[PDB]
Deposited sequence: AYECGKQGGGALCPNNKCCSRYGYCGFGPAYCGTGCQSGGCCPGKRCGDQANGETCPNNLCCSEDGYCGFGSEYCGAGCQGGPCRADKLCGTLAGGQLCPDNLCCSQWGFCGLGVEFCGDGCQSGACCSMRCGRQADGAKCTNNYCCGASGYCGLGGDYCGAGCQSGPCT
């Protein structure tokens, strides 16, 4: 029955719905208030230096004061995680599986994850006996056919390296 959070295998709700303390999605005090696991919690979940380096779920911004939300108070000056308005440098893996572009910036989409992607959720990174025994970054699995990724297709049968099985 559970939809989200610890009870639902770490799933997130869609469209910023709060995951209640019991593992169901919705809005209002029962979901977003005390015990809120993810989504648009009110107040925002603690993050960053104020929570042992935890990032915000759902790609929220971590404010200077270590709360998760959106808007200039969260993503602007002093933003310490998520989609901050400042460019995010990398070389230092990107947080939350963001791609480190050829040019050393974090993001998602082909400009970041496509050709020249260094790390994170790259589109097509080669590994294993297909790529000279090359290793995957981010502790991803090398798949049977020599692509880096995660999930059963890469970590399951024929997995060459990384956290197989």
Missing CA stretches, deposited numbering from 1, N-terminus first: 92 to 96
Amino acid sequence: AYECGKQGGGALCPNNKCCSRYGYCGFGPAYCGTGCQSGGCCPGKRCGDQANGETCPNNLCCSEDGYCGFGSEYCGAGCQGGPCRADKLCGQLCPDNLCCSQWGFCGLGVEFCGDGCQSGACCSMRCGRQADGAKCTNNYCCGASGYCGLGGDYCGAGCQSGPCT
From here on, numbers count along this sequence of modelled residues.
With respect to the recorded C-alpha B factors, which stretch has the higher mean value, 61 to 69 or 129 to 137? 129 to 137
Mean C-alpha B-factor higher for 9 to 17, or for 140 to 148? 140 to 148
Tell me which of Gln118, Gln37, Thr34, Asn52 tops the list for C-alpha B factor in the record. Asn52
How does the C-alpha B factor of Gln102 compare with the rest of the chain: lowest, middle or highest third? middle
Split into thirds by Cα B-factor across the chain's modelled residues, where does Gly81 land: lowest, middle or highest? middle
Grab the CA temperature factor for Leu93 from the record and place it in the lowest, middle or highest third of its chain. highest
